[PDB]
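Each chain is listed here by its residues.
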Amino acid sequence: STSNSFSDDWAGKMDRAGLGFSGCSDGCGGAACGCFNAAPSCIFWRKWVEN
Amino acid sequence: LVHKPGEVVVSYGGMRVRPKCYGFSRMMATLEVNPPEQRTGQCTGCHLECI
Amino acid sequence: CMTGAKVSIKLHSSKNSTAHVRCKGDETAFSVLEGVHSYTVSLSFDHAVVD
Ligand SMILES: *[C@@H]1O[C@H](CO)[C@@H](O)[C@H](O)[C@H]1NC(C)=O
């Protein structure tokens, strides 16, 4: 059930960010993908709105 | 080999940049202050006529 | 004709006298005062129904 997709690095802890949804997806592996293991990579994403 | 995810590269506006240090911290700054104070309250010179 | 056709023009501004009227058929320049006042100038026309 872990939905807190904030590894002490995201910019969600701001006053101008607003509302959003902490989501996540999957990634690929290889030299072109960034790692050196044949396994899916954890790729987190965060979207919001601005004015 | 040391235990670390390796070097990090950030893309901003379609261009990939290799910074020296990457971190999120606080910093003292200022804000924009607009003191209009009734710029144009009420002022007009007109007249009335009958036809 | 000799005296021409007089046209009354009303303006309103903060500057003392900064105006330059330019139109086809005839050009007329005059001076104004500060605030809203009434001024009468004459131009040269070549048509009975001036529209
Ligand atoms: C505008 O006219 C007033 C009164 O005639 C005068 O006191 C003032 O100095 C004038 N200002 C300018 C910029 O000519």
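Residues numbered from 1 in each chain as written, not as in the entry; some residues may be left out. Chains lettered and ligands numbered in written order. Part of a larger assembly, values for the part shown. Heavy atoms only, no water.

- Method of structure determination, per the deposited record: cryo-EM was used for this entry, reaching 5.2 Å resolution.

1. Describing the overall build of chain B
- What chain B contains, in helices and strands, is zero helices and two strands.
- Its C-alpha radius of gyration of 29 Å places chain B more than 25% over the 10 Å reference for a compact globule of 51 residues.
- Residue burial in chain B is summarised as follows: out of 51 residues, 0% are buried.
- Approximately 6400 Å² of chain B is accessible, and the part contributed by carbon and sulfur atoms is 57%.
- Taking the average place of the 6 positive charges on the side chains of chain B and the average place of its 4 negative ones, the gap between the two points comes to 28 Å. (Helix = DSSP H or I, 4+ residues; strand = E, 2+ residues; numbered from the N terminus. Rg over C-alpha atoms; globule rule 2.2 N^0.38 Å. Buried < 20%, exposed > 50% of the residue type's maximum accessible area, 1.4 Å probe, protein only. Areas by Shrake-Rupley, 256 points an atom, 1.4 Å probe, with all protein chains shown as cover. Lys, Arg positive; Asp, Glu negative; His and termini not counted. Charge placed at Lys NZ, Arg CZ, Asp CG, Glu CD.)

2. Here we look at the overall build of chain A
- Helices and strands together make up the secondary structure of chain A, namely zero helices and two strands.
- A compact globule built from 51 residues would reach a C-alpha radius of gyration of about 10 Å, whereas chain A, at 14 Å, exceeds it by more than 25%.
- Oriented by its inertia axes, the alpha-carbon framework of chain A measures out at about 40 × 25 × 15 Å.
- A buried classification covers 10% of the 51 residues belonging to chain A.
- Taking the intrachain contacts of chain A between residues at least 6 apart in sequence as the baseline, contacts between residues at least 24 apart amount to 46%.
- As presented, chain A carries roughly 4500 Å² of accessible surface, and 57% of it is formed by carbon and sulfur atoms.
- Between the averaged position of the 4 positive side-chain charges in chain A and that of its 5 negative side-chain charges there is a distance of 7 Å. (Contact = heavy atoms within 4.5 Å.)

3. Notes on the state of the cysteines
Residue and element names in this part refer to chain A.
- As enumerated under the stated definition, the model contains one disulfide over all chains in all.
- The disulfide that involves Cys 28 links it to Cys 33, with 2.0 Å between the sulfurs. With the S-S dihedral at roughly -110°, the linkage between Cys 28 and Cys 33 falls on the left-handed side.
- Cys 33 supplies the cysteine sulfur nearest to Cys 35, a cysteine that is in no disulfide, at a spacing of 6.5 Å.
- Here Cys 42 is not cross-linked by a disulfide; its sulfur's nearest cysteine counterpart is in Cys 24, at 5.8 Å. (Disulfide = S-S within 2.5 Å.)

4. With respect to the nonpolar core
- Counting residues in each nonpolar core, the largest one holds five residues, listed as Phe 30, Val 32, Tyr 39, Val 41 and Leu 43 of chain C.
- Not counting the four nearest positions on each side in its chain, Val 32 of chain C is found in contact with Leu 11, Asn 16, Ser 17, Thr 18 and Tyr 39 of chain C. (Core = buried A, V, L, I, M, F, W, Y, C linked by side-chain atoms within 4.5 Å.)

5. Focus: the pattern of salt bridges
- Applying the stated criterion across every chain, the model contains two salt bridges over all chains.
- One salt bridge in this structure joins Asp 15 of chain A and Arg 16 of chain A, with 3.8 Å as the shortest N-O distance. No difference in accessibility class separates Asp 15 of chain A from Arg 16 of chain A, as the two residues are exposed.
- Residue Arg 18 of chain B pairs with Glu 7 of chain B through a salt bridge whose shortest N-O separation is 2.4 Å. Pair noted here: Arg 18 of chain B is in the segment after β2 (15-17) and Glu 7 of chain B is in the segment before β1 (10-12), with a separation of 11 residues, a long-range link.
- Look at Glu 7 of chain B and you get exposed, because its relative accessible area is 63%. (Salt bridge = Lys/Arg side-chain N within 4 Å of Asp/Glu carboxyl O.)

6. Description of the packing of aromatic side chains
Residue and element names in this part refer to chain C.
- Considering all chains together, one arrives at one aromatic pair over all chains under this definition.
- With a centroid separation of 6.5 Å and an interplanar angle of 35°, the aromatic rings of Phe 30 and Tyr 39 are classed as tilted. One exposure class covers both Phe 30 and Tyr 39, and it is buried. (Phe/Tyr/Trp six-rings, centres within 6.5 Å; stacked < 30°, edge-to-face > 60°.)

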